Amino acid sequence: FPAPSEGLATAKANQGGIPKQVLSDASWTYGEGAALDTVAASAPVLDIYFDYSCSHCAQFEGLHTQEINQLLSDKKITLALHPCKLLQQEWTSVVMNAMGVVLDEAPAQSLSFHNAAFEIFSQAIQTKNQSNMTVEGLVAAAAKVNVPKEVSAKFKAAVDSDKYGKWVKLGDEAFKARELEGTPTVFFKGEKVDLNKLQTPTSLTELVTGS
């Protein structure tokens, strides 16, 4: 697996059990394919290593989702999302199986679904009401972001069969290979980002634009 300093440096996994658009390091991306004669082609890579069951990742997503979406709309970053199961929680496999179905069948709603799955976790942390940390809760999150019903109907079977277990295994393999220490871990243009400097909802924007 290429070093983080290499950025987006793998081809598609092209394997059974792994979403079709996922790369060989388990990541997936937004904004990488701009034409080279466009300002959009200058979009440097922002890599985010995360676990769906990590509270720090949930907080990160809540704080930065608006500006990450804005940076993508403004064609200022290529976003690369790198999943793992560092915390060894089965919730991560549940979410990854539902996310795999979304990636494969409703990719237009994938980034919104990512946010929504983290929102479930954030709300549970705050309230101690864990009742939505289920397949049925993810179906509801998918409806909230308008994943088609025919797609979210496939979540239970994917979860029950661990359809995307190979993807979960690959994300952990990639995280280990690169000897990363915790989640989240963020790189920008291949350089480590100090998470302690990202404490506002515009802090990634400031980093990307040089302030």
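All residue numbers refer to positions in the sequence shown, first residue = 1.
Stretch with the higher entry mean CA B-factor, where the candidates are 70-78 and 118-126: That would be 118-126.
Comparing 56-64 with 35-43, the one whose average Cα B-factor in the PDB entry is higher: Per the deposited B-factors, the answer is 35-43.
Consider only the C-alpha atoms of the modelled residues in this chain, order them by B-factor as the entry records it, and name the third containing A108: lowest, middle or highest. For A108, the deposited C-alpha B-factor lands in the middle third.
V145 - Cα temperature factor, lowest/middle/highest third of chain: Its C-alpha B-factor, which the entry lists for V145, ranks in the lowest third among residues of this chain.
Test of reading the entry: by CA B factor among the chain's modelled residues, which third contains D162? Middle third - that is where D162 ends up once the chain's C-alpha B-factors are sorted.
Ranked C-alpha temperature factor of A153 among modelled chain residues, by third: Middle third by C-alpha B-factor.
Third of the chain's Cα B-factor distribution that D51 belongs to, per the entry: Lowest third.
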